[PDB]
Protein chains: 2
Amino acid sequence: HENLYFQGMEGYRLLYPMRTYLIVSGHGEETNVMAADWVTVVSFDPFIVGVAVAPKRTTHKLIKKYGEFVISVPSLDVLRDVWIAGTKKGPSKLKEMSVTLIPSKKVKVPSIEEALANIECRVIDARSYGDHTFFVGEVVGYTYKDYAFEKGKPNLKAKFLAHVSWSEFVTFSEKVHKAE
Amino acid sequence: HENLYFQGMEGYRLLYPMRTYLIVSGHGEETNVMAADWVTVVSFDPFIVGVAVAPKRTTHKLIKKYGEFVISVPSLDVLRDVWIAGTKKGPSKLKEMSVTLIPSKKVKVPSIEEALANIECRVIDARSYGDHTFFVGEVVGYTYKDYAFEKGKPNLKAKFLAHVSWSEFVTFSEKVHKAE
Ligand SMILES: Cc1cc2nc3c(=O)[nH]c(=O)nc-3n(C[C@H](O)[C@H](O)[C@H](O)COP(=O)(O)O)c2cc1C
Ligand SMILES: Cc1cc2nc3c(=O)[nH]c(=O)nc-3n(C[C@H](O)[C@H](O)[C@H](O)COP(=O)(O)O)c2cc1C
C-alpha cells in the first residue's frame, strides 16, 4: 500500500485473502469501474451492502454525483480486466477492458455482462471512517449467471475471485467441508 | 436464512463465498464468541474494521456493553468450533469449544490462541442498517501466527476459512494467479 510510513505488513492484511469485486459507477460516457475488496453485506432484510471507497477514487466522485452503484462479481477469467479496473483511473480505462456494459434493471449505472452477478445499489448512507468513505447501498435489483449460482448457492466451478496480496489472486478449492 | 418469506436465493448469497471470522466479546465469565461473515476493512490509516451484527445476538449486547471486540481468524482446522460459535447462543457455548482464551494486548476482550490472527477493536461507531447493527472498530492491537502470514502476506497453507452456503465451507486453492 502507498502511504505506509512504517514498513511491514499492513494490519489490514490480517483479514486477507478477501474477495475482490468490481464497482461500477456513473452512466453514459461517465461510466467507470474500479476493483474493490472492501465490500460486505450489512443487512439481510432489506438487502443492504456497503463498500469502502477512498475519496481519491474517481468512483468516489461518481457515487457522490449519482447516488448509485453496481457491485459486479468477477471470475478469475476476467482477472486482466480486474487488474485494469484496480490500477487505471477513470472512464478512459474501459477502452482497455474486455468487459461489455449492459443496462441495469433499476439503477442508471450499468451492469457488466461478463460478471457472475451484478448487484444494483441506491446509496442510503455515506460515512467517513479514517481514509475511506463507507458507502452504504440499498439493493434495488440484481442479475446473475444461473450456472454460477445453480441450486441457490455459489457454484465453485465459476472461479470466484479473491485477493491475496498486491498482485496475487486465488480462487477457492472445490472440495466442500460440511459442518453438520 | 430464517425470516425468508419468499423462498429462493437470499440476494446476499450473490456476494458468497465470503470469509468467515470469529467475533469475541465480553470478558471474564461474560466472554462470548460468535461466527461472522459480514466483516470488512473500512480504513487503512488508521486501521478500522466493521462487522454487521444482528441485535438478537448475545454478541450485540456484549459489544454494546463493553465497547470492544476481537476479530479472530479461524482456519478450516477449527471448523467444529466455528460451527458451535455460529449456532449456539451465549457464553455457555465455550465449554463446548476446543479453543483457548488468552489475554489481548490492548482491549479487555480476550483473544483466541488457536486463531491465525486476533484483531483487537475499540468501537467508534454503531449504525443500524436494516436488520443488523454495523459496529465500526478502530484497531488498537493485533497478534497473529507468523507461519500464517510469513513474508508479509497470507500463507494459503494455513487453510483460511470461507463460507459457501449454510453448512458448507471451503478454503482457497494454493495456486496463485499473478496479475502483473
Ligand atoms: C484487487 C484490488 C482491490 C481494491 N480494493 C479497493 C477498495 O476496496 N476500496 C478502494 O477505495 N480502492 C480499492 N482498490 C483501488 C482502486 O481499485 C484503484 O485505486 C482504481 O484505480 C480506482 O480507479 P478510479 O479512480 O477510476 O475509481 C483496489 C485495487 C485492487 C487492484
Ligand atoms: C458461518 C456463519 C457466519 C455468520 N455470520 C454472521 C454475521 O456476519 N453477523 C451476525 O449477526 N450473525 C452471523 N451468524 C450468526 C451467529 O454467529 C449466530 O447467531 C450465533 O449463535 C450468535 O451467538 P451469540 O448469540 O452468542 O452472539 C453467522 C453464523 C455462521 C454459522
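Residue-by-condition table, conditions (1) buried (at least 21 other Cβ atoms within 10 Å of the Cβ); (2) among the acidic types (D, E); (3) closer than 21 Å to A:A148 by Cα:
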residue	(1), (2), (3)
A:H27	no, no, no
A:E30	no, yes, no
A:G50	yes, no, no
A:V78	yes, no, yes
A:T87	no, no, no
Every residue from the stretch A:127-138 that is more than 13 Å from ligand 1 (Cβ to nearest atom) and touching a residue at least 24 places away in the same chain (Cβ under 8 Å)
A:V136, A:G137, A:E138
I'd like to know if the stretch B:121-134 contains one or more residues that are assigned to a loop (DSSP other than H, G, I, E, B) and either at negative phi or among the β-branched types (V, I, T) (or both).
yes
What single numbered condition from (1) away from ligand 2 (no atom under 14 Å from the Cβ); (2) within 13 Å of chain A (Cβ to nearest Cβ); (3) within 13 Å of B:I23 (Cα to Cα) fails to hold for B:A85?
(1)
Could you run through the stretch B:4-43 and say how many residues are more than 7 Å from chain A (Cβ to nearest Cβ), aromatic (F, W, Y) and not in a strand (DSSP E or B)?
2
For the subset of the stretch A:49-72 comprising residues that are in a strand (DSSP E or B) and of a type in the set (A, V, I, L, M), which member is farthest from ligand 2 (Cβ to nearest atom)?
A:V70
Can you confirm whether the stretch A:2-18 contains a residue that is touching a helix residue (DSSP H, G or I) at 6+ places or on another chain (Cβ under 7 Å), in contact (Cβ under 8 Å) with a residue 24 or more places away in the chain and near ligand 1 (Cβ under 10 Å from one of its atoms)?
no
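Let me confirm something: among A:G141, A:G137, A:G152, which residue is surrounded by fewer than 16 Cβ atoms within 10 Å (Cβ to Cβ) and farther than 13 Å from A:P74 by Cα?
The conditions single out A:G152.
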Does the stretch B:96-115 contain at least one residue that is within 30 Å of A:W166 (Cα to Cα), in contact (Cβ under 8 Å) with a residue 12 or more places away in the chain, more than 10 Å from ligand 2 (Cβ to nearest atom) and in a strand (DSSP E or B)?
yes
Only one of these conditions is not met by A:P74: (1) in contact with a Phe, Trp or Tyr (Cβ under 6 Å, 6 or more places away or on another chain); (2) within 14 Å of chain B (Cβ to nearest Cβ); (3) crowded, with 22+ Cβ neighbours inside 10 Å; (4) not aliphatic (A, V, I, L, M). Which number is it?
(1)
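Values in this text are rule-based calculations from the coordinates and carry no lab data. Cβ sites come from the backbone with ideal geometry, for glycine too, and all protein chains shown count toward neighbours.
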